[PDB]
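Enquirer: One structure follows; several queries about it will come next.
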Amino acid sequence: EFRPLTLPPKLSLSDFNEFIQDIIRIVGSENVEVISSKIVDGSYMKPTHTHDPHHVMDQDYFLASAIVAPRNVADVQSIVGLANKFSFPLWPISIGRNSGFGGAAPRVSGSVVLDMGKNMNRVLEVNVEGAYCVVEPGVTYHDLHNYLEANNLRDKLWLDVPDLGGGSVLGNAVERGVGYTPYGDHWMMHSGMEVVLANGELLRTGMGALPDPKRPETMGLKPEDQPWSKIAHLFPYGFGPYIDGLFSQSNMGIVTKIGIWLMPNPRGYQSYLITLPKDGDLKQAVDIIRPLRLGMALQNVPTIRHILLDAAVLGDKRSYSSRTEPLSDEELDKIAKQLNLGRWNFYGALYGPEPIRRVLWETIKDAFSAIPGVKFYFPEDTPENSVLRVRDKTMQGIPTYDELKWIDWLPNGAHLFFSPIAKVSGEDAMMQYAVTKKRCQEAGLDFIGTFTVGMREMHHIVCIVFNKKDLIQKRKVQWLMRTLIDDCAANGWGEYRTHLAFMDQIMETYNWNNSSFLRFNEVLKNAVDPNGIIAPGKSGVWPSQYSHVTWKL
Amino acid sequence: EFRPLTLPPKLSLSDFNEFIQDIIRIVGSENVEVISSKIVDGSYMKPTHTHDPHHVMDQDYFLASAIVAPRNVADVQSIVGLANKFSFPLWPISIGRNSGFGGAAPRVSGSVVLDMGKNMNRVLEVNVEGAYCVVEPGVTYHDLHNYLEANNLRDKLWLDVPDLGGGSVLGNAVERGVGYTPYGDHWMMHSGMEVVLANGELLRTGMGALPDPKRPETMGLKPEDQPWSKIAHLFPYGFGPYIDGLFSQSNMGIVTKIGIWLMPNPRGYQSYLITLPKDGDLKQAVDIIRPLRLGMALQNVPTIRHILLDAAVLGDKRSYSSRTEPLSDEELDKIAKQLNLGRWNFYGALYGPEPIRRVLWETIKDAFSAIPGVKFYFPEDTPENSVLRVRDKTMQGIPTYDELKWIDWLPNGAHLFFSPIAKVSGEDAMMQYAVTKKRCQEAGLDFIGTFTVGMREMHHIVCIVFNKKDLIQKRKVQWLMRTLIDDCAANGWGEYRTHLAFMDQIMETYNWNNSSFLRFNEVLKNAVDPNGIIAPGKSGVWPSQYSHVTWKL
Amino acid sequence: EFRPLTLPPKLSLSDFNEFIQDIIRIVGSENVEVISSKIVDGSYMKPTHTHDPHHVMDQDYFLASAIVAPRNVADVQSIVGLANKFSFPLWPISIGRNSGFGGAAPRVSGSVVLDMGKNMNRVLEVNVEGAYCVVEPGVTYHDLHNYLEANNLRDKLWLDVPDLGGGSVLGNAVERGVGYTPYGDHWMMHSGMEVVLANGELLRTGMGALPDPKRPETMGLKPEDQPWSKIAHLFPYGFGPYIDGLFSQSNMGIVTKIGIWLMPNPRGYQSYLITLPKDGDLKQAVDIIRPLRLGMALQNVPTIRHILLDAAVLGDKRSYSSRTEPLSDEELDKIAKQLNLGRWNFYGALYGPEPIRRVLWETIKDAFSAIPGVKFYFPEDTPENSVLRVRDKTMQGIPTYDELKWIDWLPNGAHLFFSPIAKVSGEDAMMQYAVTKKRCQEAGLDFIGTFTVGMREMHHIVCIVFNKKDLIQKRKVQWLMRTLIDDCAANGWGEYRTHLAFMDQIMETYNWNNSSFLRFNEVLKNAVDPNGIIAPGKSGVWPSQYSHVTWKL
Ligand SMILES: *Cc1cc2c(cc1C)nc1c(=O)[nH]c(=O)nc-1n2C[C@H](O)[C@H](O)[C@H](O)COP(=O)(O)OP(=O)(O)OC[C@H]1O[C@@H](n2cnc3c(N)ncnc32)[C@H](O)[C@@H]1O
Ligand SMILES: *Cc1cc2c(cc1C)nc1c(=O)[nH]c(=O)nc-1n2C[C@H](O)[C@H](O)[C@H](O)COP(=O)(O)OP(=O)(O)OC[C@H]1O[C@@H](n2cnc3c(N)ncnc32)[C@H](O)[C@@H]1O
Ligand SMILES: *Cc1cc2c(cc1C)nc1c(=O)[nH]c(=O)nc-1n2C[C@H](O)[C@H](O)[C@H](O)COP(=O)(O)OP(=O)(O)OC[C@H]1O[C@@H](n2cnc3c(N)ncnc32)[C@H](O)[C@@H]1O
């Protein structure tokens, strides 16, 4: 194809054409869409691979020149080798459902979006004795689930899913996303991964670097196709430098396979809901959660959900008030009463044999009872369309899609995640929450959020919903985010993850000792990708060809 | 003036004298010893910092030209730029008690050993709600146990210790070393770490990149002295590339501070011994352990110890036998009848409330019953002198040095570790034990070794004890080590950790795809340390100034 | 031509086309086949110049982009100059019958296969007083023979041929192949050669560097066309460095002419066969051969042939057993009796006047008689289709093609040579033979082999035959070879020659002092071929543009 919508940096239209024609020759026209005109948002079921479907910028700000779907790893080696020849940036996606953080879109306009999971979608292995799987990019959570369910494996191994099943297992891991069983730190639960580097070369990290001994049936296989050794996915460190983190939220390589640990079926399980009546209950509740989480009475990643999250699953805004402006604290309580919920709602789960669940539940019951008005529930005890029935599945690794609903709080709706980290402390959870709220009212948005409760640590996921056709809200949303980053960085809170538009501003928060951390990351980046091929601008890590003057926001 | 026994590569006696003069001035000659006469092996109590105290190669083969001890970070910075000026290799050490792996000797003879711990020994912070501490290299496990006792803090926070409590908490963590509570994975339990790079700039990882908000009290501090932000030592990842691992088992920088997570007091503890009468009971032992550990009954890192390991603690070889050759199986299980131990002996522990510890004990106890003639004891049930009583201190974070006794198994005692990783597979462990044993007896040694029980992996620690005034036995020791690597690599096991002399050969077992892993690191190494200053050859990672034909072993 | 089947490294399809069109302009379309689709194996009579006809890899693994047939040396200078312009690797063949070692195929897929002998096939000189010839690449053995036979020269000069006449005289020399008269070391018997270097330049080695003095009839000639001096082909060293070996089994240049010594007609000759009954007779026989070879009672390169070699010439496998699996030792003896042969069969020849042949034959008779059951034969004494009648020709330099037959032991048959060197020692010949056999039974192949008996030295030519359409045998064959290289390198035996697929693994056997020899060869290679044009990957000698990570096997 001939005349794309945007060109990447430096590139002559003839150079594009020589390049995109050399690739039609490798993947076939089957596997190459050049983007030549109007770049539609689509849906969660048909994820757009061209731009950010939940656009806070102009719809076309983050935009591709072309989508390329390699068949196999060898093409990936070729496509990278070819981008070096032509100085052509690439943006690896596995699935492209990174909505809230920019969807499938590249940082540098005109990049090839490299669809790794169209073709490479194979669940390569499920091992029961070692309690692990191995996956290519295209393997979603529903996929991996469906595979398990087909093979009578639900009784022996369980998944850990995020809120929505459509995500990449692999993509989410490298992003360091959060799920909700014991194995919720998707990244911690990885061992042994494969990567194609900017220079073309295939690499296996950890014990993947220990080769599988030669034997009759493995001969003649191409690196990508070769087996792994005994310990590859059992123990991630191997010998020497632990390099695996260089490919999480970074642009040092292209991940082709990953090993993930799966919790074994516990032989017993109990979801539950603790409802917390007053808005100020947050403070004491956190303080009660702290030791329970630290001593493993909270075994999984329970969440503390602001009432508007649960309410937005059950309806859009306009089904509660025909009001323009953020609902009042007085209204927020009326909604809570209508649904049999607190202003905050603690969702969580118990795991193991029942004498053990007994004990820990007796502990949790007792501990939360210090709050006035506290009410406990099991799935049994709730109506059929409740959030607890959804999270009963989620907290035993079962893919749902019901949480999407909260994207249509507002017409033409789109989310953006502001995700500062907080202490498991009342004072700290309350202050940060109070800072976040003020600013959403200042921008005229309803606060919607949730706390994913890590071990010593909470990811506070602020769920900024906005009418994506309302351009005055967009600019207010942008103002909200840029301000919230500074507000929170001014109180010692950083962000674990962002949208394309905020990657630079947030990497400027991590500037202890005159941008030390960024400068070291650049040294590595420029060393392993001399040409600046791989996702330039990812996590604010620009290679040496991109003036930081022009490209940062 | 100063005339040292060896000099680093290519470096004039005058250069050396000028270099040290500068340092002696910067640091004061209390903190400089030059190595100018015939290099004492030393004790654990006061460890040598010149050469390998447990020497498998010649005593003078790994030998430092001098030893420097920085007063503070600044001195490290100053020393680094001075090493850069001169192409002078530095070898960082924390405490130096890394014996069985070389201790504090360098790879390259002529290197300066950089004793970090001598001066930089302050428990910078303990933190009760965050359940963490922050330490300099000089904070030993005992220093830190000491600290918590002084402040009556063991009611609220426990430790996790190696078999001996004189290691560096920092230095052990960066070697991915191992303890035996449920925080036994020492590297995995860090968060936030300070590092001086080869260019001498400071760098803090994770949320250590987020600076603590500028206030009037902390103003005008140096970077080394600056407080960390709220989330520093709570959430390890921060934002963007997760570089923490590049400073583990590596030569990418000098670590000055590290956060470690502390397991809080369970509120209930009880160690236990299970004896396994027969040698063959290992397969079924492992096969039963596999699922008990995956499902988290076995909460800590338990240990399966060969009879001789335990016996070597209670007494030396001579105490049990005048035999020159290795002790035979008839004699070995005689020692089991003497001591009321098995051929193998399982040590593990139970944590948390009485009702829970009951339920897990029941199952552990009734699952292990499938091995014929098995037995069960608590600390109380055994002798006052027994090993369980000792390990009862170890698996609650109380340091001992009682485990040092098995080194004196032979006269002129010196340990050395061969540490392959096994599947949690009865068949696998046995086939590994059988290879390890086979080469021990050809080498003329008593097999001694404990398995550690990780989640999906076991570190099989082969405990090579030898007489070091016996030189015939050192050549056979060397032969043994170099062979067991290649043997185990030929079966698909790799080593997590080694002695100096085996780093080049072991990095060569990780040669999947024509030494791709090693090639990637070398690229990282040369980017971040242009002058090859820091610890060349550490993990066989040679910077471009050291030729692979001259320096590989 | 426009769209080739595979492209070489880096190369845009437009670049290929500019390049292959500039060459159609030099050699004509007469002399350029671009390979645009399905790459057939062909036969010995019609040797394929596209790929390896005896493929152990996938048929298309080693594959060309194009075949170019230079007319004359000047084109060769042009084609090299043009490959430097475009960075286009070239793979020089003379004839392309290097079957067993990869046929005509290149190492790097997409190279031009440079057909040197299509056009340049002229026997340039035959000198009788100096007893030598001079040949271009296309001069085969049958050719050179036919030329001699046309010119009434059989009475004065004799050839030395390998098993098959179709080979290049020149190509085999530079490979260092083996023939079977006194002049069997084809490489030793060279003096004065011509080469085109990677930089374009024509060079004459040895005394070829001494120019032929100016005289009337030699004026205006282009370097290639010029005469040689008096001593050129009479004495190979010349003055200064003996550089000739840089163009044997290497990629330092393109050989355009070579001088070869021809044995003069001895004036008397007697082929013979000594049959050795038991399989274990090998041991003693070798020991008897040793002094006879060392004192020139064995004047030529006699061979010790395993009975299955002789039997495979006389029939395929299926004419002896309809059995899948390797014939038993019990069956191997039944075949031997049926054909009037030993388990081993010693073929050899006597040369000179009959009183001299008498003496040496009386010596050989006597010496071999120490073996029980030994039987001597002349050609007279054997049936017409016997191997001795074939080797009666071979050992007086007469081209045959009868040996091909053994390629059809198995259906769809193809050979591969495993060619370790051995001592003229029984213990050593027997061990190596015993190692080789075990492994062939492990792979389920019949051992077929022969020992070419050099002076102090045997080339043990293992004749691995395999059904080339049976993909499970292929992988077994690959396993056999990769294992046999290590087995034999583990006992001090290296290989004198290999297939494309094994060149890297075998150059890794020659790694004394941390790959010293390879590293020096690279220094030279990168010096004389800066662009990496000439046969990159030949003998595992990769230039600096090819990551050793990607290209080695
Ligand atoms: C809208 C929404 C989103 C959401 C959620 C609830 C709602 C209503 N709940 C989430 C949760 O509980 N936990 C969580 O981690 N995320 C949640 N989200 C966000 C989103 O649904 C998921 O995170 C989703 O898994 C992310 O998208 P996807 O799985 O499709 O991953 P991707 O878009 O393909 O990749 C994102 C980025 O990762 C890097 N990447 C990906 N693949 C590679 C390869 N192969 N090599 C190198 N880098 C890779 C790129 O930077 C890419 O852009
Ligand atoms: C003899 C012995 C050893 C032993 C053991 C039992 C016996 C009888 N049991 C162990 C166990 O159960 N678990 C374990 O992990 N190790 C065990 N060992 C070995 C040893 O005693 C301990 O591991 C000890 O804690 C390690 O020694 P130390 O803590 O003193 O570390 P070091 O001497 O400084 O050397 C470690 C290496 O790491 C690098 N390093 C260290 N500090 C730095 C800094 N600041 N910067 C950069 N690199 C650093 C160096 O390469 C150094 O050599
Ligand atoms: C199947 C078979 C093969 C065989 C044999 C018996 C059987 C049944 N017996 C042999 C024997 O007794 N002795 C021996 O040396 N080889 C034997 N073989 C193998 C094969 O038939 C011959 O070796 C044959 O002579 C080799 O093929 P050819 O003569 O065609 O040479 P080539 O394929 O063209 O060249 C091979 C490689 O040499 C380098 N080369 C060649 N020409 C050049 C020039 N002009 N410049 C630079 N390098 C050159 C290349 O590496 C080329 O690939």
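By convention in this document, the chains of the structure tokens carry letters A, B, ... by their order, each chain's residues are numbered from 1, and ligands are numbered from 1 in the order they are shown.
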So which residues touch residue 235 (chain C) within 10 Å, counting only C-alpha atoms, skipping near sequence neighbours fewer than 5 positions away, as a list in words?
Expert: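 Contacts, in chain order: residues 190, 191, 192, 206, 207, 208 and 230 of chain C.
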Enquirer: Only C-alpha atoms, please: the residues just picked out, written as a compact mmCIF listing (two decimals), in the first residue's frame.
Expert:
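This went into result-v8.txt:
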# COMPACT_ATOMS: atom_id res chain seq x y z
CA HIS C 190 49.98 -28.45 -5.27
CA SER C 191 52.43 -25.76 -6.19
CA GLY C 192 51.61 -22.20 -7.30
CA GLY C 206 54.53 -19.41 -4.14
CA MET C 207 56.87 -18.93 -7.10
CA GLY C 208 53.84 -17.73 -9.10
CA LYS C 230 59.92 -21.59 -14.56
Enquirer: Report as a list in words the set of chain A residues whose atoms approach chain C to within 7 Å, with distances computed over only C-alpha atoms.
Expert: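 Matching residues, ligands excluded from the count: residues 201, 215, 216, 217, 219 and 220 of chain A.
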Enquirer: For residue 5 (chain B), list every protein, DNA or RNA residue within 7 Å, evaluated using only C-alpha atoms, and leave out those in the same chain fewer than 5 positions away; present the list as a ChimeraX atom specification.
Expert: /B:35-37,65
Enquirer: Using only C-alpha atoms and all ligand atoms, can you tell me which of C:365, C:233, C:305, C:176 comes closest to ligand 3?
Expert: C:176
Enquirer: Can you tell me which residues come within 7 Å of ligand 2 when counting only C-alpha atoms and all ligand atoms, ideally as an MDAnalysis selection string?
Expert: chainID B and resid 92:100 103:104 116 137 162:164 166:172 174:175 177:179 249 251 253:256 403:404 406:407 415 538
Enquirer: If we count only C-alpha atoms and set the cut-off at 9 Å, which residues sit around residue 485 (chain B), ignoring sequence neighbours fewer than 3 positions away in its own chain? Please answer as a PDB file with N, CA and C atoms, in the first residue's frame.
Expert:
ATOM      1  N   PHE B 418      28.760 -26.420  45.776  1.00  0.00           N
ATOM      2  CA  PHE B 418      28.199 -26.731  44.474  1.00  0.00           C
ATOM      3  C   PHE B 418      26.677 -26.806  44.653  1.00  0.00           C
ATOM      4  N   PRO B 420      23.387 -26.933  42.416  1.00  0.00           N
ATOM      5  CA  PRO B 420      22.429 -27.109  41.325  1.00  0.00           C
ATOM      6  C   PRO B 420      20.970 -26.996  41.782  1.00  0.00           C
ATOM      7  N   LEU B 480      36.430 -32.535  40.871  1.00  0.00           N
ATOM      8  CA  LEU B 480      35.032 -32.762  41.244  1.00  0.00           C
ATOM      9  C   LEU B 480      34.094 -31.597  40.864  1.00  0.00           C
ATOM     10  N   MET B 481      34.417 -30.389  41.324  1.00  0.00           N
ATOM     11  CA  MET B 481      33.556 -29.223  41.075  1.00  0.00           C
ATOM     12  C   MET B 481      33.368 -28.956  39.594  1.00  0.00           C
ATOM     13  N   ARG B 482      34.467 -28.965  38.836  1.00  0.00           N
ATOM     14  CA  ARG B 482      34.450 -28.663  37.385  1.00  0.00           C
ATOM     15  C   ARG B 482      33.683 -29.730  36.586  1.00  0.00           C
ATOM     16  N   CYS B 488      25.795 -31.996  35.597  1.00  0.00           N
ATOM     17  CA  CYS B 488      24.485 -31.440  35.910  1.00  0.00           C
ATOM     18  C   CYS B 488      23.909 -30.610  34.759  1.00  0.00           C
ATOM     19  N   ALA B 489      24.742 -29.805  34.110  1.00  0.00           N
ATOM     20  CA  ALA B 489      24.357 -29.131  32.873  1.00  0.00           C
ATOM     21  C   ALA B 489      23.869 -30.125  31.786  1.00  0.00           C
ATOM     22  N   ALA B 490      24.541 -31.273  31.661  1.00  0.00           N
ATOM     23  CA  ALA B 490      24.131 -32.359  30.745  1.00  0.00           C
ATOM     24  C   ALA B 490      22.805 -33.066  31.119  1.00  0.00           C
ATOM     25  N   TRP B 493      20.234 -29.221  34.881  1.00  0.00           N
ATOM     26  CA  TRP B 493      20.309 -28.397  36.094  1.00  0.00           C
ATOM     27  C   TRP B 493      21.450 -27.370  35.980  1.00  0.00           C
ATOM     28  N   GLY B 494      21.198 -26.190  36.518  1.00  0.00           N
ATOM     29  CA  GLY B 494      22.175 -25.112  36.559  1.00  0.00           C
ATOM     30  C   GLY B 494      22.390 -24.738  38.002  1.00  0.00           C
ATOM     31  N   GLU B 495      23.411 -23.921  38.256  1.00  0.00           N
ATOM     32  CA  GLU B 495      23.780 -23.486  39.606  1.00  0.00           C
ATOM     33  C   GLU B 495      23.268 -22.041  39.863  1.00  0.00           C
ATOM     34  N   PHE B 502      34.828 -20.801  39.389  1.00  0.00           N
ATOM     35  CA  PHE B 502      33.850 -21.491  38.556  1.00  0.00           C
ATOM     36  C   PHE B 502      32.826 -20.584  37.882  1.00  0.00           C
ATOM     37  N   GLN B 505      33.085 -20.905  33.822  1.00  0.00           N
ATOM     38  CA  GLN B 505      32.607 -22.198  33.328  1.00  0.00           C
ATOM     39  C   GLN B 505      31.099 -22.346  33.519  1.00  0.00           C
ATOM     40  N   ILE B 506      30.599 -21.828  34.634  1.00  0.00           N
ATOM     41  CA  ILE B 506      29.160 -21.828  34.899  1.00  0.00           C
ATOM     42  C   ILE B 506      28.375 -20.866  33.997  1.00  0.00           C
ATOM     43  N   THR B 509      27.601 -22.625  30.953  1.00  0.00           N
ATOM     44  CA  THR B 509      26.439 -23.536  30.912  1.00  0.00           C
ATOM     45  C   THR B 509      25.172 -22.808  30.493  1.00  0.00           C
TER      46      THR B 509
END
Enquirer: Could you pull out the residues in region 310-478 of chain A that DSSP calls alpha helix (DSSP H) from the backbone, as a ChimeraX atom specification?
Expert: /A:310-314,329-339,354-368,387-394,426-442,471-478
Enquirer: Based on the backbone DSSP call, show me all residues of region 52-175 of chain A assigned strand (DSSP E), as a ChimeraX atom specification.
Expert: /A:66-68,90-93,112-115,123-127,132-135,157-158
Enquirer: For N, CA and C atoms, I'd like the residues from the last selection saved as a PDB file, in the first residue's frame.
Expert:
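The result, written out as again.pdb:
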ATOM      1  N   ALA A  66       0.740   1.866  10.112  1.00  0.00           N
ATOM      2  CA  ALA A  66       0.467   0.489   9.617  1.00  0.00           C
ATOM      3  C   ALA A  66       0.424  -0.575  10.737  1.00  0.00           C
ATOM      4  N   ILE A  67      -0.353  -1.631  10.526  1.00  0.00           N
ATOM      5  CA  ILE A  67      -0.439  -2.751  11.461  1.00  0.00           C
ATOM      6  C   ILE A  67       0.207  -3.943  10.779  1.00  0.00           C
ATOM      7  N   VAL A  68       1.142  -4.604  11.456  1.00  0.00           N
ATOM      8  CA  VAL A  68       1.866  -5.759  10.913  1.00  0.00           C
ATOM      9  C   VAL A  68       1.708  -6.911  11.882  1.00  0.00           C
ATOM     10  N   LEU A  90       8.883   0.809  15.960  1.00  0.00           N
ATOM     11  CA  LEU A  90       7.843  -0.216  16.134  1.00  0.00           C
ATOM     12  C   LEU A  90       7.233  -0.139  17.529  1.00  0.00           C
ATOM     13  N   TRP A  91       5.944  -0.476  17.625  1.00  0.00           N
ATOM     14  CA  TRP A  91       5.194  -0.454  18.886  1.00  0.00           C
ATOM     15  C   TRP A  91       4.546  -1.820  19.118  1.00  0.00           C
ATOM     16  N   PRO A  92       5.217  -2.673  19.905  1.00  0.00           N
ATOM     17  CA  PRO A  92       4.685  -4.007  20.218  1.00  0.00           C
ATOM     18  C   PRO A  92       3.464  -3.984  21.136  1.00  0.00           C
ATOM     19  N   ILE A  93       2.424  -4.654  20.643  1.00  0.00           N
ATOM     20  CA  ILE A  93       1.239  -4.963  21.396  1.00  0.00           C
ATOM     21  C   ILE A  93       1.110  -6.472  21.315  1.00  0.00           C
ATOM     22  N   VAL A 112       4.823   1.429  13.087  1.00  0.00           N
ATOM     23  CA  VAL A 112       4.115   0.167  12.869  1.00  0.00           C
ATOM     24  C   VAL A 112       3.650  -0.291  14.231  1.00  0.00           C
ATOM     25  N   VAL A 113       2.366  -0.595  14.368  1.00  0.00           N
ATOM     26  CA  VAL A 113       1.838  -1.336  15.527  1.00  0.00           C
ATOM     27  C   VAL A 113       2.055  -2.810  15.224  1.00  0.00           C
ATOM     28  N   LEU A 114       2.823  -3.502  16.052  1.00  0.00           N
ATOM     29  CA  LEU A 114       3.267  -4.864  15.728  1.00  0.00           C
ATOM     30  C   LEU A 114       2.394  -5.890  16.443  1.00  0.00           C
ATOM     31  N   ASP A 115       1.378  -6.372  15.731  1.00  0.00           N
ATOM     32  CA  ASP A 115       0.361  -7.247  16.313  1.00  0.00           C
ATOM     33  C   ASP A 115       0.960  -8.637  16.553  1.00  0.00           C
ATOM     34  N   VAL A 123      -1.052 -21.248  23.558  1.00  0.00           N
ATOM     35  CA  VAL A 123      -0.703 -21.741  24.883  1.00  0.00           C
ATOM     36  C   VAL A 123       0.310 -22.837  24.661  1.00  0.00           C
ATOM     37  N   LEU A 124       1.584 -22.548  24.883  1.00  0.00           N
ATOM     38  CA  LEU A 124       2.636 -23.512  24.550  1.00  0.00           C
ATOM     39  C   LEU A 124       2.750 -24.689  25.523  1.00  0.00           C
ATOM     40  N   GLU A 125       2.423 -24.492  26.797  1.00  0.00           N
ATOM     41  CA  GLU A 125       2.558 -25.575  27.762  1.00  0.00           C
ATOM     42  C   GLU A 125       1.741 -25.306  28.978  1.00  0.00           C
ATOM     43  N   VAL A 126       1.180 -26.360  29.550  1.00  0.00           N
ATOM     44  CA  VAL A 126       0.641 -26.316  30.904  1.00  0.00           C
ATOM     45  C   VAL A 126       1.212 -27.507  31.669  1.00  0.00           C
ATOM     46  N   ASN A 127       2.012 -27.221  32.672  1.00  0.00           N
ATOM     47  CA  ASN A 127       2.600 -28.240  33.496  1.00  0.00           C
ATOM     48  C   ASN A 127       1.923 -28.274  34.881  1.00  0.00           C
ATOM     49  N   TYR A 132       2.441 -24.552  36.393  1.00  0.00           N
ATOM     50  CA  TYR A 132       2.744 -23.404  35.529  1.00  0.00           C
ATOM     51  C   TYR A 132       2.257 -23.572  34.091  1.00  0.00           C
ATOM     52  N   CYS A 133       2.193 -22.455  33.374  1.00  0.00           N
ATOM     53  CA  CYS A 133       1.942 -22.493  31.938  1.00  0.00           C
ATOM     54  C   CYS A 133       2.983 -21.685  31.193  1.00  0.00           C
ATOM     55  N   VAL A 134       2.941 -21.762  29.876  1.00  0.00           N
ATOM     56  CA  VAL A 134       3.802 -20.941  29.010  1.00  0.00           C
ATOM     57  C   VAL A 134       2.945 -20.415  27.873  1.00  0.00           C
ATOM     58  N   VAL A 135       3.064 -19.121  27.572  1.00  0.00           N
ATOM     59  CA  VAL A 135       2.156 -18.483  26.615  1.00  0.00           C
ATOM     60  C   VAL A 135       2.794 -17.508  25.629  1.00  0.00           C
ATOM     61  N   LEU A 157      -5.452 -26.775  38.701  1.00  0.00           N
ATOM     62  CA  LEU A 157      -4.843 -25.436  38.549  1.00  0.00           C
ATOM     63  C   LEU A 157      -5.854 -24.298  38.323  1.00  0.00           C
ATOM     64  N   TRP A 158      -5.604 -23.150  38.958  1.00  0.00           N
ATOM     65  CA  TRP A 158      -6.430 -21.961  38.845  1.00  0.00           C
ATOM     66  C   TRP A 158      -5.654 -20.791  38.254  1.00  0.00           C
TER      67      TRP A 158
END
Enquirer: What's the 12 Å shell around residue 393 (chain B), counting only C-alpha atoms, without same-chain residues fewer than 4 positions away, as a ChimeraX atom specification?
Expert: /B:145,158-165,180-181,269-272,348-349,379,386-389,397-403
Enquirer: To one decimal in Å, tell me the separation between CA of residue 6 (chain C) and CA of residue 78 (chain A).
Expert: 12.4 Å
Enquirer: Which residues are close to residue 534 (chain C), i.e. within 12 Å by only C-alpha atoms, leaving aside same-chain residues fewer than 6 positions away? Reply as a ChimeraX atom specification.
Expert: /C:76,79-81,83-84,87-93,106-108,111-114,196-200,247,250-255,525-526,528,541-543
Enquirer: Write out as a VMD selection string each polymer residue whose atoms come within 12 Å of residue 283 (chain B), counting only C-alpha atoms; drop sequence neighbours fewer than 3 positions from it.
Expert: chain B and resid 276 278 to 280 286 to 290 304 344 371 423 to 434
Enquirer: Could you state the separation of CA of residue 540 (chain B) and CA of residue 503 (chain B) in Å, given to one decimal place?
Expert: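 CA of residue 503 (chain B) lies 5.2 Å from CA of residue 540 (chain B).
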Enquirer: Rank C:195, C:435, C:445, C:7 by their smallest atom-to-atom distance to ligand 3, using only C-alpha atoms and all ligand atoms, and report the top residue only.
Expert: C:195
Enquirer: For residue 54 (chain C), which residue out of C:486, C:30, C:408, C:244 is the nearest one, using only C-alpha atoms?
Expert: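 Distance minimum relative to residue 54 (chain C) lands on C:408.
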Enquirer: So how many Å separate CA of residue 497 (chain A) and CA of residue 44 (chain A), to one decimal?
Expert: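 Straight-line distance from CA of residue 497 (chain A) to CA of residue 44 (chain A) works out to 20.2 Å.
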